[PDB]
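Q: Submitted below is the structure of interest, expressed as structure tokens.
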Amino acid sequence: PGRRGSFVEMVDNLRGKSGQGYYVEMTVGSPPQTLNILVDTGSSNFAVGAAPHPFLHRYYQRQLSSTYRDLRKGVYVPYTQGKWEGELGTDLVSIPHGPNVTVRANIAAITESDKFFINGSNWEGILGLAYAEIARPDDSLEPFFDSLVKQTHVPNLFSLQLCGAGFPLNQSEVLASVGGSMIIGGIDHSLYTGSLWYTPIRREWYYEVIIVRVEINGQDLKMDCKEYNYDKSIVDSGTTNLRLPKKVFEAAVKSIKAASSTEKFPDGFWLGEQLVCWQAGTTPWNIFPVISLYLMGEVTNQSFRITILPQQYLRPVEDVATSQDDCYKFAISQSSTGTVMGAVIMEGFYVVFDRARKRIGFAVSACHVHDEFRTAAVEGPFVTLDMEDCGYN
Ligand SMILES: CCCCNC(=O)[C@@H]1C[C@H]1[C@]12COC[C@H]1CSC(N)=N2
């Protein structure tokens, strides 16, 4: 049967890019205040700018909302690279290009921040879509999606199609361009090709999954599979890169260098710091390998694989000079906090966060960037033993 798209109201409701994030329009308060909000599957707080900042064009004004409720509690949120503090409260929240519902949700009103708001990102707050376990200050602060499901008939599922352009966009071009879809409460069949394959959510905190095998151009990286999930593996729309645990990063980079060895790249490129450029149109995609991550399947002793191209893991960037060159950064980098399947990975795939069934679905995205010779893939099944042993305790 031909694929029908059943959620037209929500298709094309995202804007942005992998480097700065993908965001959805939301409203907060009465009367509604419109804000652009980062879609973040790697955290669990709804947190919005609530005071002037050089990089905010607008912010939540609690004093103008008749429905604002003060929870009389502060929150201090330090990250590795950035921090903010704010004040907890609740208010009525809607998503204009979303389900036609309004819910009362927790909001962290951000009053001070450092290196959080990004100059030119276009978003004024973040929607943490992960579970209560990792909410701040503690798990009693109900996340947005939990509130939405509890207060409405919206099914306990959302799905994300993040659409990378495959070339740079400036702030203006991001504003004018569609960057993908967040389908709240369903799966839109127009957004993917081939089959959806599902991996279990190992535990409801992050969206944690288990990787059971890694290949570079079909060659097994051949590490003990626990290494791939040390100390966890998560799916995170709020991280740019594919991040890999240090030892896995070292082994993968060695293999990717060997596969691409017909051209020598400087250390700064492999470290994700320095851009590389080619004359317009001549990017040598074919010298770079595909990367396959095998995920635990839902059936005992079965796995499936997702395969990405260099069109996913090479992130388009503007030249530091003035040129018509096509330039990129290497968007795989090291982690000391486990594997992070970030935006550049998610751009390959339609990703179904099936909370109801405690599983994450992957299918090839209808908007993934590719060439005439190769496409991203989602394929299975494979016979794979002892997959639970790949999980780190
Ligand atoms: C692709 C977007 C790039 C910029 N990302 C952010 O600003 C993320 C909103 C933060 C946080 C909020 O908790 C930690 C912090 C870093 S990792 C994460 N998933 N979320």
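Chain A is numbered as in Swiss-Prot, which gives 54-446 for the residues shown.
The deposited model was determined using X-ray crystallography, 1.6 Å.
Yeah, the Cβs are placed from backbone N, Cα and C, and that goes for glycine too.
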Q: Of the residues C278, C330, which one does Swiss-Prot pair with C443 through a disulfide?
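A: Between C443 and the options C278, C330, Swiss-Prot records the bond with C278.
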Q: With Swiss-Prot open, pick whichever of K285, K310, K382, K411 is annotated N6-acetyllysine.
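A: Per Swiss-Prot, the residue annotated as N6-acetyllysine is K285.
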Q: Would you mind telling me which one of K136, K275, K317 Swiss-Prot calls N6-acetyllysine?
A: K275
Q: Looking at Swiss-Prot, which one of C330, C420 makes a disulfide with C380?
A: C330
Q: Report, as a single number, how many Cβ atoms besides its own are within 10 Å of the Cβ of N223 (N-linked glycosylation site).
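A: A count of 10.
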Q: Pull out the recorded positions from the set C216, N223, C278, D289, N354, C443 whose C-alpha sits within 10 Å of the C-alpha of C330 (disulfide bond).
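A: Those close enough: none at all.
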Q: A 10 Å Cβ contact count, applied to the disulfide-bonded residues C216, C278, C330, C420, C443: which residue has the minimum?
A: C330
Q: Going by DSSP, give the three-state secondary structure for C443 (disulfide bond).
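A: The residue in question, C443 (disulfide bond), is helix (DSSP, three-state).
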Q: Taking ligand 1 as the reference and 6 angstroms as the Cβ limit (strictly under), which recorded positions among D93, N223, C380 are close?
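A: Once distances to ligand 1 are taken from each Cβ, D93 fall under 6 Å.
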Q: What residues, ordered by sequence, lie under 8 A Cβ-to-Cβ from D289 (active site) and sit at least six positions away in the same chain?
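A: The list for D289 (active site) reads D93, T94, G95, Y259, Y260, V393, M394, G395, given in order along the sequence.
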